[PDB]
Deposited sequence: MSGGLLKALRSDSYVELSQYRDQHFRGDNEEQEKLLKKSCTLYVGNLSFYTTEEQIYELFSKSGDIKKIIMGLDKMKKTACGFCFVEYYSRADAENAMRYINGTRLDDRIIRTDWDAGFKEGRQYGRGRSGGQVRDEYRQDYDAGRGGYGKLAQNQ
């Protein structure tokens, strides 16, 4: 598996992905539909300054988030290559860019 210190611990138990390189027009509903293909979504948070080209996706289990890192990461939505990474977890303020 290649698609999956204190922080190197958090990430390894995390269930949430930071998602970037999104088209400015890509909607929360679309992210729901794409990302649900790897399992059940707990919450999605769209990045803003209006639309900002990134979001957070939090699953209920790690397995489902690993599957998004393996199979949804690196695919193309609204012509943009989706780029995901493990995130330590959302915090209030982190949805602005």
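Judged by missing C-alpha atoms, the gaps in the deposited chain sequence fall at residues 1-11, 16-29, 75-78, 127-156, listed in sequence order.
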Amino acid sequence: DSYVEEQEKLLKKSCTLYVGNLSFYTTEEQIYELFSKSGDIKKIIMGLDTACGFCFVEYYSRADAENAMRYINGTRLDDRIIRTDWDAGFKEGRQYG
From here on, numbers count along this sequence of modelled residues.
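Just so we're on the same page, rigid core means the largest C-alpha set that superposes within 1.5 Å between forms.
Greater average departure of CA atoms from the shown form, over structures and residues in 6 other deposited structures of this protein after a core fit, characterises 75-83 among 15-23 and 75-83. Between 13-21 and 69-77, the higher mean Cα B-factor belongs to 13-21. Stretches 50-58 and 26-34 differ in mean C-alpha B factor, with the higher average recorded for 50-58.
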